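Engineer: The structure under discussion is supplied below as structure tokens; questions concerning it will follow.
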Amino acid sequence: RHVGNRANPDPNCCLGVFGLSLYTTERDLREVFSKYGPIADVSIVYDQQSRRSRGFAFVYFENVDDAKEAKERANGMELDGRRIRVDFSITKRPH
RNA sequence: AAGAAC
Numbered sequence: 106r107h108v109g110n111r112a113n114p115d116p117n118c119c120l121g122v123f124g125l126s127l128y129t130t131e132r133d134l135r136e137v138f139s140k141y142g143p144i145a146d147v148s149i150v151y152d153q154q155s156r157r158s159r160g161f162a163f164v165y166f167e168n169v170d171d172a173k174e175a176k177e178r179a180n181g182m183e184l185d186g187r188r189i190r191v192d193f194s195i196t197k198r199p200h
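The authors' numbering numbers the first residue of the first sequence as 106 and each following residue consecutively.
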């Protein structure tokens with residue numbers, strides 16, 4: 106057997122900023138994404154105990170009829186020279 | 001190097 110996920114493979118509105126360079130936060134990411142459309146919510150997650158931060162984020166929009174472009178434009182954008190990840194995440198919403 | 005929640 107084999108696998109390729111860790112949670113419910115049913116995304117639909119969970120955009121995000123995976124590997125957000127670990128030098129940026131949701132108060133900065135909410136502004137640059139607000140340029141492409143309205144924003145419903147934003148999140149950045151870490152670990153519960155140790156092994157340092159998981160260092161990544163999720164983003165949500167009130168309409169996907171326009172958030173679809175926020176995904177295609179902001180993907181691989183420059184933020185720390187890392188060409189960050191921006192698109193659907195998986196598992197829709199928090200735990 | 002990307003990654004898992006609350």
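Ideal placement from N, C-alpha and C gives every residue a C-beta, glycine not left out.
1. Going along the chain, which residues of its own chain have a beta-carbon closer than 8 Å to the beta-carbon of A162, five neighbours each way excluded?
2. Closer than 7 Å to a non-hydrogen atom of the ligand ZN - does that hold for the CB of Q153?
3. Who are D146's beta bridge partners in DSSP?
4. Thinking C-beta only, is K197 closer than 8 Å to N110?
5. Counting along the chain, where does the alpha helix (DSSP H) carrying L134 start and finish?
6. In angstroms, rounded to a whole number, what distance separates the CA positions of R190 and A172?
7. Taking the alpha-carbon positions, what's the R188 to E167 distance?
8. When you compare the CB positions of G160 and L127, do they come within less than 8 Å of one another, or not?
9. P143 and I195 - do their beta-carbons sit closer together than 8 Å?
Structural biologist: Looking at the coordinates:
1. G121, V122, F123, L125, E131, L134, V147, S148, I149 and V150
2. This structure lacks the ligand ZN, and indeed carries no ligand of any kind.
3. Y165
4. no
5. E131 to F138
6. 15 Å
7. 26 Å
8. yes
9. no
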